[PDB]
């Protein structure tokens, strides 16, 4: 995927999320209603500290799931469906109220990039 493009596309995410490095550096100063995305790639889902996630995503991580660019790219398009399928639960609910139409892989790549 394209990171250069992903950064530009992150415009749909900053409304709720931010990209903040461990020493506090503000890579992307966004909102605090969604968890910090710095390092999400490789991270077990629904585990960022001091963040109150909806249940399903926490269950997904409890099952051993860590995000990849690929899944990130997919989830982003339809979070709730993503979950229902992963969890094999028709009843899986998402706390993320946005579906991105096009851009997943790029945004996915960007996110991977950010920690280099």
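Positions refer to the first chain, counted from 1.
K.L.:
Comparing 48-56 with 76-84, which has the greater mean CA B-factor as deposited?
P.N.:
It is 76-84.
K.L.:
Would you mind comparing 27-35 and 86-94 for me and telling me which has the higher average C-alpha temperature factor in the entry?
P.N.:
That would be 86-94.
K.L.:
Can you work out whether the C-alpha temperature factor of residue 109 puts it in the lowest, middle or highest third of the chain?
P.N.:
As the PDB entry reports it, the C-alpha B-factor of residue 109 lands in the highest third of its chain.
K.L.:
Select lowest, middle or highest to describe the third in which the CA B-factor of residue 69 falls within its chain in this entry.
P.N.:
CA B-factor rank for residue 69: highest third.
K.L.:
Using the temperature factors of the C-alpha atoms in this entry, rank residue 99 within its chain: lowest, middle or highest third.
P.N.:
Answer is middle: the recorded C-alpha B-factor places it there.
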